[PDB]
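Student: As they're listed, the protein sequences go chains Y and L.
Whatever position you read off the first sequence (first residue = 1), add 67 for UniProt numbering.
Whatever position you read off the second sequence (first residue = 1), add 2 for UniProt numbering.
Just so you know, even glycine gets a beta-carbon here, dropped at the ideal spot from N, CA and C.
Handing you a structure now.
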Amino acid sequence: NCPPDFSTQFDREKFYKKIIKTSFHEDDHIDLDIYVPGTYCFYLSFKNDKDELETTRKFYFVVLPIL
Amino acid sequence: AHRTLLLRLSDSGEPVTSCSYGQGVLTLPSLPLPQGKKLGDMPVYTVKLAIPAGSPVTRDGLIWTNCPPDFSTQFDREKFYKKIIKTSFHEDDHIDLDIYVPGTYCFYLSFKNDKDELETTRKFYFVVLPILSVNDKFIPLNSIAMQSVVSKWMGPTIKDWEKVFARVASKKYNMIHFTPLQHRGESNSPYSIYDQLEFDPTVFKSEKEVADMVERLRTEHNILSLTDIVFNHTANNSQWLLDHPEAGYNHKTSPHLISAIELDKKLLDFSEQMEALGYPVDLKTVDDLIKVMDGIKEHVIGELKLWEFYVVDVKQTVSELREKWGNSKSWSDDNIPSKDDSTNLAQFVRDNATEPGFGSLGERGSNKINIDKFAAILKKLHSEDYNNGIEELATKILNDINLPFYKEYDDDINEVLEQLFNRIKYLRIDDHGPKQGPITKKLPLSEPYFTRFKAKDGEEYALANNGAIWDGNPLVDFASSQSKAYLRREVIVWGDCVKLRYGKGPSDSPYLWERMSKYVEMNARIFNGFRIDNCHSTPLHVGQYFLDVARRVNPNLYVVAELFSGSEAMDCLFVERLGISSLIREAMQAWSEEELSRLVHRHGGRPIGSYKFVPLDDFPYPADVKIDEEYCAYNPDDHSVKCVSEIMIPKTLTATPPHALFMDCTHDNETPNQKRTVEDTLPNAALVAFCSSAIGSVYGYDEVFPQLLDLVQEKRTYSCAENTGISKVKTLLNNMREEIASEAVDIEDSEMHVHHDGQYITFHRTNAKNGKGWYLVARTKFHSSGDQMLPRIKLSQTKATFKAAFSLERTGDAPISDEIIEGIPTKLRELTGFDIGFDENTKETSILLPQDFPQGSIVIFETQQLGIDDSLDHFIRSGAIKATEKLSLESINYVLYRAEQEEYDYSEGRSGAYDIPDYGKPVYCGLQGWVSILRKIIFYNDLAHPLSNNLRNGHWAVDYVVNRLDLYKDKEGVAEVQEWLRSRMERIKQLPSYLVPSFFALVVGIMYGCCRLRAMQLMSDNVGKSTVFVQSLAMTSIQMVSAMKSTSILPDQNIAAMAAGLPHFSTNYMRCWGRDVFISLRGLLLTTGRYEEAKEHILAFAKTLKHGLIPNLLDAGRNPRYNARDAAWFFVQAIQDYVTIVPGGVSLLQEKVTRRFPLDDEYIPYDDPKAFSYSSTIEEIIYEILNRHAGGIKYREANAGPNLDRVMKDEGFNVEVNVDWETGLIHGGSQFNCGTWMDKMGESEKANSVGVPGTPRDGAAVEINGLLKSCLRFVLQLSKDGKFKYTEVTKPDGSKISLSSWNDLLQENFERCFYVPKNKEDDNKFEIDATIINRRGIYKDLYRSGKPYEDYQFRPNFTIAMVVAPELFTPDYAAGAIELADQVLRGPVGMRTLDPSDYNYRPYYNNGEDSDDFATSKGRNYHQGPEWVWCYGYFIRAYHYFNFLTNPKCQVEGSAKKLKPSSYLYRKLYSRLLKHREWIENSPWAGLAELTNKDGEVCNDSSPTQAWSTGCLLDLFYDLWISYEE
Ligand SMILES: OC[C@H]1O[C@H](O[C@H]2[C@H](O)[C@@H](O)[C@@H](O[C@H]3[C@H](O)[C@@H](O)[C@@H](O[C@H]4[C@H](O)[C@@H](O)[C@@H](O[C@H]5[C@H](O)[C@@H](O)[C@@H](O)O[C@@H]5CO)O[C@@H]4CO)O[C@@H]3CO)O[C@@H]2CO)[C@H](O)[C@@H](O)[C@@H]1O
Ligand SMILES: OC[C@H]1O[C@H](O[C@H]2[C@H](O)[C@@H](O)[C@@H](O)O[C@@H]2CO)[C@H](O)[C@@H](O)[C@@H]1O
Ligand SMILES: OC[C@H]1O[C@H](O[C@H]2[C@H](O)[C@@H](O)[C@@H](O)O[C@@H]2CO)[C@H](O)[C@@H](O)[C@@H]1O
């Protein structure tokens, strides 16, 4: 739910797509640019071994305010 | 290249028939592989499955199929593979099935039921035919010439056979059918095979010896080979039957035949000592007949123990009743009937006290009573002491139990001996084929029903021998327990053979399945195919397994079968599952000349001039589709299946009748010399060879053998006499079919006409592609019936050429040799005298036969239809895409549609629609009017339809299609579309008349599809990628948007104007209606992408502003009568939709118009400086409506009087509109004014309603106020973005009201005024007078209305506010209210305009009824019951929205946790649109009606296609697309 830029406001339930570059050798790194302090979470969706859709927990991280 | 076939599926997963070819099988056309490609380089075919979008199968749907995923994977009947159906509510899903090897394949679908359970459809089969080549030349399946030869009559050496091979090669047969070349049994019959695993030791010794001979036939004489394969029986003297006696039905495996065994050996024991008494041994007398039955009466029948097989042993049960009288001796139940009902008590014991298997045949005492359960009933019914009359009671019951068994015995015995003295008679006395040989050891009186033998396992068995019941069902195994044929002696047996007992699988007979498997694959390595005798008697699962084993060995296995099941449906099912490639048909079965003409008619082809299939208005036209620009992306070496036109919609896969192998004479039917005469051998084989199918003949038919050869006894050898009888003609017939086979392909490519006059039979074979053809006149010789003269033969638009003619004459009888089979000497005299007259004016060919044309003669003509060359199909199937290149969404309207009133506008009333004789006129003047009629004609090949008759009677309809476009020639792309029609229709008129209908429908269908494809390309993606139903709804946009001459939307020029409906709302002042245009603007123009056209209508109506309102009737720019209180608010809603949808649509507000009216409410200055005067941006036009309404409006209609509404009263013209500023609701109207969409001014003087509105909606209408709230919300956010520069609105006294406050006033007071609470407790808050009420849980239809009851009337107008202003509704109140409308107000296609439970409810509308009824007379019912279709759109749009917010079952966790509707909600939405999809499918007008009577009843006064009826359904599809399909 991290907004893509500072112009976009924060919405708790509007999540944005990010593509995981699959490889059998190389790990993939995906950046999450944060422009404003607040509460942000992330979860992952993938193709199950049953060829179904599956989702992990929501994992949160806090950016403290600047005083 | 492109070997893909399209198989469309229905909503239940069943394949759809594209044409009506009859009861058939999904067969794929046999074609050779591409140039230099083997099996595995690429898929042989690809079946594109088309599943409808939103169908009940798509719900968690999976496609199952046993098709292997690649060539490496072998084929398994029961291993199915998964395929995922991509569910969508808009787009159909296509799933390919790549097939690499011919065989039998099936598919079924699994989906989630409406009960959330799993459900499965039928298995649907389709056959891929094998590819038959000899060396490297492909042999089409319908050009097969089969010569059946019997092994034991060809000589004892291989070279003695190769002499026969050279003889049949000269006759130019390309295939040889072999009776099984295996070691034969005792009787030496070819079908009683001694050993299946080795060939005849007389000729062959190993597989390599016979495999080289078959390969020698391939390389030497260019001849393929196949054999008979016998599954049903084996020889009665096999050394493996001694080891494995369980392979057949014996007393162990099938115990029910024990009764028949003891009866069969009761005759081998009886006939051996028969003549000892032998009163009539072998005589031909009636006295002799009855004496045999009296020897049977006492010596076998009375010596078989009265047959205890059925009857319970009476006294041996009483003996075993006092015996166990002491065990279980109590029956606690009370159900036991008393001795009063002596029959119900008899069968009650049968249900409770019986050992298993009661009431069936088995051992001698098969039926028995459970003792301890019987005596327990006797003690409960009579007494616990035995001597208390139990011996009498128990015997009385058992005698009554055996009464049906005794009558089952008397009916069996009578059939045993009646069958006996009927067959023994025919063997001796009956002179229809006798042989009264004295009863010897070889021929007893009883044909042996059981082959008894001493087994090698230390036992003795009695295996029977199969046969056939006289007229019984062959699908029933007469050896199984279900039949009593072996007992009742209803079997015609073959002592040569012996049972083969297959079970449910290999588990019931292990060695039999393993032996037959190795026997099948042995011949599969050698030969090209199989032949199955009496395939209908072989069980399915047995035939399925072994034919698949053979196809794994020989992938190109060609299967023929003598299949005569119960019906054609069963024949197709056997062909479906077994993979049979051809069915045997016999020409000798025809008893007379008419039966032969009907048999030849069945397998000859399709009628001459048959219609050709084309994609029409029932197919999807994806804008993103590949196209063949000039039908040129084809190469003959690729051998690809062709698409129908330039559009690349692949060739459809439809059920076709199973292929036939027409045999002029098999090896089982009598000779033409026997059944008819010898002269008939020539015309019979000619009529068969002319059929468009596979043909065959038995050896000796061409060599005119005298009589049918006895397959059992005869040992003589075929003659080496060459070129006898028809051998010269069969060389000609087979060579001619070789020339035709090069180009004839599918079922539509070969046509036929057959005529029968007395003893003559006419056959006309025609190729539909080039026009080449053959004409056969065959005089049959069934009997010497005298001289008969055939009338003059006339061929229209055809030239004829003499090919050949022959006569067959008999020169005495046949020689009588004892070592060689010699035929009858026959003369083959060539005939002359055939006069072929050709009229160079009428282009008609006349043929006169010569008087020297005896019976048993033929004459073949080469014919050619005039005007047809090989290049005709290419010229018609090309150029149409390029011709439609410059078409626009406006110009397509003139090419496809145009009602007769619309055509009268451009032609000043001279043209109109073409009038078909004995039928009527097409619904549209364009191509759609033809396609709506032709689709059913092409599907049924109705050449007798009045349109089909008119098309071949003259070229009027042909020239009418081209001459119409002169009215619209100057329009974009119409000139080039006309020229393509002109050049193609000109080429068509040069054809024979009888071919014009088929080619007329082909040209119209091609140009129609190209125009419909061009429309989808010009529209948006949501439409250009969706189902046929969505695209069919989208084509309504083109039906309505047209430029006219008598009207428009602008007074200056005549441009495109959306009509209200066709045909009654299309010309003059009746076309454009402000309320009707802007309700359908979002659906027909915004959803489709007609943005620039949607702007023109908004600007054109923006100039016609007056009284702060949009006129109901727009006269372009002249007198627009302002009898509307609804139009301006639908107009402001369309403006919001334009800005919301059109990219950069906010610019619409700043578009400047020229107001053709003063700012005040004055008069009509059409010719004045006030026409131009001042401009007006849309921004101030919107504010002018909001402020004029709030500031109060009051006006009397201008020019009121007879000049205007000729029924409206004086007070009705005075309309005033006001806003109640305590609620914000806009009231207005009167009981004499009809300013809403329910406009119906009474006009009945017989009912006294002239000027009385049927549905006056005075006060606050939910539709008006809902759009007001939607407009306030729209302008508020618009001011937040700096787009709307107005923020205050003055009230009548003078105070200024903030727009947000007016927006909040409705938010605080709308639901309070209209909602009717379900609970009587909350009536003190929602302003309700409970005395005048109907249903609770209802949103009011009117507020402060004249009629107090019309306020609380259930009408479908509240859904309009629910769609445009959902913020005014609490979710639970709205969901429950719209659920009531679904149950009460929702019709099948239209929405009921009034609650059926109301007293004013009259749902039938007839505008012209003259009565004293205040409702039915003169159409006053318009909106008081009748079902309107557009209200259905707003209903389901809000039904989808509020069920998605309220019901938790209508939501599912979607992408990015954004909640999307569940498949449970999609299912409920899809079901409520089925009646709409049926309507537009089966309607001549390609749209949805305006109105419908009660419960789907068609209303004749209703306009058959309405703009806003379809536009409101397109609004729903846009809602689901723009919010979820991302
Ligand atoms: O100079 C042009 C025109 O000017 C004047 O027009 C007026 C009409 O004469 C006058 O009767 C009135 O027409 C209204 C009508 O009052 C109003 O109630 C409504 O009527 C319904 C019909 O009752 C209904 O049956 C249906 O009409 C269909 C019909 O069902 C169908 O089967 C088929 O026959 O086509 C008919 C339509 O052509 O629906 C209509 C509504 O669509 O609406 C009528 C049209 O507004 O008011 C007109 C305007 O003042 C002159 O009087 C007239 O002679 C001139 O030709
Ligand atoms: O539209 C032209 C018109 O042509 C034909 O009418 C012919 C025909 O012979 C008969 O209908 C006759 O009564 O009038 C005309 C004499 O040539 C079509 O039959 C007719 O349907 C068609 O409309
Ligand atoms: O006593 C209540 C009454 O309600 C229903 O009658 C309706 C009528 O059908 C409508 O036309 C309405 O406008 O007047 C009544 C208001 O309820 C029932 O049909 C009726 O039996 C019942 O008596």
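Give every residue whose Cβ lies closer than 7 Å to any heavy atom of ligand 2, listed in chain order.
Tutor: Residues flagged by the Cβ proximity filter: L/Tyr916, L/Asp917, L/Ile918, L/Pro919, L/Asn952, L/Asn955, L/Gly956, L/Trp958 and L/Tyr962.
Student: Per the DSSP calculation, L/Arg10 is bridged to which residue(s)?
Tutor: Translated into positions along the second sequence, residue 10 of chain L becomes position 8. DSSP, once it has assigned bridges, lists L/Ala52 as partnering L/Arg10.
Student: Using C-beta distances below 8 Å, list every residue in its chain close to L/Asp1054, excluding the 5 sequence neighbours before and after it, in chain order.
Tutor: Locating residue 1054 of chain L in the second sequence gives position 1052, where the first residue counts as 1. Result list for L/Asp1054: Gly1119, in chain order.
Student: For a test of the three-state rule: what should DSSP assign to L/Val1252, helix, strand or coil?
Tutor: Within the second sequence, residue 1252 of chain L is the residue found at index 1250, counting from 1. Coil, per DSSP.
Student: Only counting runs of 3 or more residues, tell me where the beta strand (DSSP E) segments fall wholly within the region 820-903 of chain L, in order along the chain.
Tutor: Runs of the beta strand (DSSP E) inside the region 820-903 of chain L: 828-832, 837-841, 846-850 and 859-867.
Student: How big is the Cα-Cα spacing for L/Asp1331 and L/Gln1309?
Tutor: Taking the first residue of the second sequence as 1, we reach residue 1331 of chain L at position 1329. Taking the first residue of the second sequence as 1, we reach residue 1309 of chain L at position 1307. About 23 Å.
Student: Using C-beta distances below 6 Å, list every residue in its chain close to L/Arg984, excluding the 5 sequence neighbours before and after it, in chain order.
Tutor: The residue labelled residue 984 of chain L in the question sits at position 982 within the second sequence. Cβ within range, chain order: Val964.
Student: Quickly, what does DSSP pair L/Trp66 with across the bridge? List them, please.
Tutor: Locating residue 66 of chain L in the second sequence gives position 64, counting from the first residue. Paired residues: L/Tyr110.
Student: What are the residues of the region 75-91 of chain Y that lie near chain L, defined by any Cβ-Cβ distance shorter than 8 Å?
Tutor: So the list reads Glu80, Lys81, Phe82, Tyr83 and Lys84, given in the order they occur along the chain.
Student: So, does the CB of L/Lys1282 fall closer than 8 Å to a CB anywhere in chain Y?
Tutor: For this step, residue 1282 of chain L is matched to residue 1280 along the second sequence. Taking Cβ atoms only, chain Y never reaches closer than 8 Å to L/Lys1282, which makes this a no.
Student: Any heavy atom of ligand 4 inside 7 Å of the beta-carbon of L/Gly1421?
Tutor: Although ligand 4 was asked about, the structure shown includes only ligand 1, ligand 2 and ligand 3 as ligands.
Student: Output the boundary residues of the alpha helix (DSSP H) element that contains L/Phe1215.
Tutor: Locating residue 1215 of chain L in the second sequence gives position 1213, where the first residue counts as 1. From DSSP, the alpha helix (DSSP H) with L/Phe1215 extends over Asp1212 to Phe1215.
Student: Give the C-beta separation of L/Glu1290 and L/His92 to the nearest angstrom, bearing in mind that I take them to be a contact with Cβ-Cβ under 8 Å.
Tutor: The sequence position of residue 1290 of chain L within the second sequence is 1288, counting from 1. The sequence position of residue 92 of chain L within the second sequence is 90, counting from 1. Contact flag wrong, Cβ pair sits at about 44 Å.
Student: Beta-carbon of L/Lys1459 versus every beta-carbon of chain Y: anything under 8 Å?
Tutor: Locating residue 1459 of chain L in the second sequence gives position 1457, where the first residue counts as 1. So, interface residue.
Student: Check for me: the beta strand (DSSP E) holding L/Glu200 runs from which residue to which?
Tutor: On the second sequence, position 198 is the one that residue 200 of chain L refers to. It spans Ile195 to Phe201 - the beta strand (DSSP E) in which L/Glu200 sits, taken as one unbroken run.
Student: With distance defined between alpha-carbon atoms, name the residue in L/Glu672, L/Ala1383, L/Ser583 and L/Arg1157 nearest to L/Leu134.
Tutor: Position 132 of the second sequence holds residue 134 of chain L. Looking at the Cα atoms, L/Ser583 is the closest of the given residues.
Student: Residues bridged to L/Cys927 by DSSP?
Tutor: By 1-based counting over the second sequence, the position of residue 927 of chain L is 925. None, per the DSSP bridge assignment.
Student: From this set, L/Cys1273, L/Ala977 and L/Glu310, which residue's C-alpha is nearest L/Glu264's C-alpha?
Tutor: For the purposes of this step, residue 264 of chain L is identified with residue 262 of the second sequence, where counting begins at 1. It is L/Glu310 whose Cα lies nearest to the Cα of L/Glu264.
Student: Do L/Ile1335 and ligand 3 come close, with the Cβ less than 7 Å from some heavy atom?
Tutor: One-based indexing of the second sequence puts residue 1335 of chain L at position 1333. Yes, the Cβ of L/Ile1335 comes within 7 Å of a heavy atom of ligand 3.
Student: Measure the beta-carbon distance from L/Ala377 to L/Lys326 and round it to whole angstroms, keeping in mind my assumption that it falls under 8 Å.
Tutor: Working through the second sequence from its first residue, we reach residue 377 of chain L at position 375. Working through the second sequence from its first residue, we reach residue 326 of chain L at position 324. Indeed they touch by this definition, with Cβ atoms about 7 Å apart.
Student: Do the region 36-55 of chain L and the region 670-682 of chain L make contact, defined as three or more Cβ pairs closer than 8 Å?
Tutor: Counting Cβ pairs under 8 Å, fewer than three are found: no touch.
Student: Closest by CA to L/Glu1182, which one among L/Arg1198, L/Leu1161, L/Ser1175 and L/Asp1170?
Tutor: The residue you call residue 1182 of chain L lines up with position 1180 of the second sequence. Among L/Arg1198, L/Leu1161, L/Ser1175 and L/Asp1170, the Cα nearest to that of L/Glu1182 belongs to L/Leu1161.
Student: With a 10 Å radius around its C-beta and 16 neighbouring C-beta atoms as the bar for buried, classify L/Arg767 as buried or exposed.
Tutor: Your numbering for residue 767 of chain L matches position 765 in the second sequence. Buried, because 16 or more other Cβ atoms sit within 10 Å of the Cβ of L/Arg767.
Student: Could you tell me which uninterrupted alpha helix (DSSP H) segments, each at least 4 residues in length, are contained entirely in the region 1275-1351 of chain L, listed from first to last along the chain?
Tutor: Within the region 1275-1351 of chain L, the complete alpha helix (DSSP H) runs of at least 4 residues are 1301-1316.
Student: Apply the 10 Å Cβ neighbour rule to L/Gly1261 and answer buried if 16 or more other Cβ atoms are within range, or exposed otherwise.
Tutor: Along the second sequence, read from residue 1 onward, the residue named residue 1261 of chain L stands at position 1259. The residue is buried, with at least 16 neighbouring Cβ atoms inside 10 Å.
Student: For L/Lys437, I'd like the list of residues in its chain whose CB is within less than 8 Å of its CB, leaving aside the five on either flank, ordered along the chain.
Tutor: Counting from one through the second sequence, the residue named residue 437 of chain L turns up at place 435. Within the same chain, L/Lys437 has close Cβ partners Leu429 and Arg430.
Student: With respect to 7 Å, is the separation between the Cβ of L/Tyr1071 and the closest non-hydrogen atom of ligand 1 below this value?
Tutor: Here residue 1071 of chain L refers to the residue found at position 1069 of the second sequence. Yes; taking the cut-off as 7 Å, the Cβ of L/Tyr1071 has a heavy atom of ligand 1 nearer than that.
Student: Spatial neighbours of L/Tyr175 within its chain, please: C-beta separation below 6 Å, excluding the five flanking residues on both sides.
Tutor: As a first step, residue 175 of chain L is located in the second sequence; it is residue number 173 there, counting from the start. Same-chain partners within the cutoff: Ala147 and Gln149.
Student: Checking 8 Å against the spacing of the C-beta atoms, do L/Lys1248 and L/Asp1412 come in under that value?
Tutor: Position 1246 of the second sequence, counted from the start, is the residue given in the question as residue 1248 of chain L. Position 1410 of the second sequence, counted from the start, is the residue given in the question as residue 1412 of chain L. For L/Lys1248 and L/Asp1412, yes; Cβs fall inside 8 Å.
Student: So, under 8 Å CB-CB, L/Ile403 and L/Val351 are touching, yes? Tell me the CB distance rounded to an integer number of Å.
Tutor: Working through the second sequence from its first residue, we reach residue 403 of chain L at position 401. Working through the second sequence from its first residue, we reach residue 351 of chain L at position 349. Correct: roughly 7 Å between the Cβ atoms.
Student: Measuring alpha carbon to alpha carbon, tell me which of L/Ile379, L/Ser787 and L/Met1042 ends up nearest L/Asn354.
Tutor: The sequence position of residue 354 of chain L within the second sequence is 352, counting from 1. The candidate whose alpha carbon is nearest that of L/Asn354 is L/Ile379.
Student: DSSP three-state label for L/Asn424, please.
Tutor: As a first step, residue 424 of chain L must be located in the second sequence, where it is residue number 422. Note: L/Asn424 maps to helix in three-state DSSP.
Student: State yes or no: is the C-beta of L/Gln676 within less than 8 Å of the C-beta of L/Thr782?
Tutor: Indexing the second sequence from 1 puts residue 676 of chain L at position 674. Indexing the second sequence from 1 puts residue 782 of chain L at position 780. Result no, Cβ atoms of L/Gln676 and L/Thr782 do not sit closer than 8 Å.
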